[PDB]
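Below sits a lone chain in structure tokens, taken as the form deposited without this ligand.
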């Protein structure tokens, strides 16, 4: 006996993911499994789209009436030119990773920061009204620092090395202090004495850099274990490995820890809720993915 098994028919609609490289992404599995579970007639697909293709793809998407899509490197900071509106965070961050189409009007959103903050809250970590020291000034750190500010974190000390992102960090600081009530400051990651004071004075220490992840597995920006203390919360955006070097040291010091699994899941949920006004079953998806 043989019958129809494909849930994809002429009624099925598309949610995209446009970036490059991108085909190894886990996001399609996340959303497809989420749609399947909820009985939603959508499929999610990734497309290799870069600078040269971006304008055409978005015009194409409007013409195809797509409900929305994700956007990843190297399009996140450029896509606003082809959108109609931006969420407060996208406008403040200057990056878009999620687009939604409402009656032809394209609104750009940024869900990485939201996801990160949500994952903390779900993990039972309250950093609202408290201080955070964070490493990094890239796409993720920026979204985290701004969403954190917008959510009510009182103070953020940012540490980054003197590379291509330091100037972005400076903007993040300036953006945070001028258009937010959160107080932010930037420090060189090599300023180890300042790093010590900032960590001691923070309820959370967060890695938002590629350090800890390939090609830097087994490496941490943390110079010494004695900069951590038992009550300190230590988090990392990295989740492959499930325990970075930083999170290993953290456990050894008695700290409570959290890798990036939560953040990737909840940034997916955010996107999903934006497109469907439904809650992604994170616990279910989590099981399926890991």
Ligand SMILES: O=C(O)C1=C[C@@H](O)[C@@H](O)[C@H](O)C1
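Positions refer to the first chain, counted from 1. Throughout, rigid core stands for the largest set of C-alpha atoms superposing within 1.5 Å between the two forms.
Just so you know, the form deposited with this ligand bound exists too; it's not on screen, but the next bit is about it.
Trainee: So which of 227 to 235, 247 to 255, 23 to 31, 59 to 67 is the stretch with heavy atoms within 4.5 Å of this ligand in the entry with it bound?
Mentor: Comparing against this ligand in the entry with it bound, the contact stretch is 23 to 31.
Trainee: Is this ligand in the entry with it bound close enough to 72, 76 and 264 that every residue in that trio has a heavy atom within 4.5 angstroms of it?
Mentor: Every residue of the candidate spot has a heavy atom within 4.5 Å of this ligand in the entry with it bound.
Trainee: At the 4.5 Å heavy atom threshold, is residue 97 in contact with this ligand in the entry with it bound?
Mentor: Yes.
Trainee: Is there a non-hydrogen atom of residue 17 within 4.5 angstroms of a non-hydrogen atom of this ligand in the entry with it bound?
Mentor: Judged by the heavy-atom cut-off of 4.5 Å, residue 17 is in contact with this ligand in the entry with it bound.
Trainee: With the two forms superposed on the core, which of 200, 167, 123, 105 shows a CA shift of 2 angstroms or more between this form and the one not shown?
Mentor: Going through each option, the one that shifts is 105.
Trainee: Does residue 242 move its CA by 2 angstroms or more between this form and the one not shown when the core is aligned?
Mentor: Residue 242: C-alpha displaced by less than 2 Å between this form and the one not shown.
Trainee: Just checking, between this form and the one not shown and with the core aligned, does residue 187 shift 2 Å or more at the CA?
Mentor: Residue 187 C-alpha, core-superposed: shift of less than 2 Å.
Trainee: Is residue 61 one of the residues whose C-alpha moves 2 Å or more between this form and the one not shown after the core fit?
Mentor: Yes, because once the rigid core is superposed, the C-alpha of residue 61 moves 2 Å or more between this form and the one not shown.
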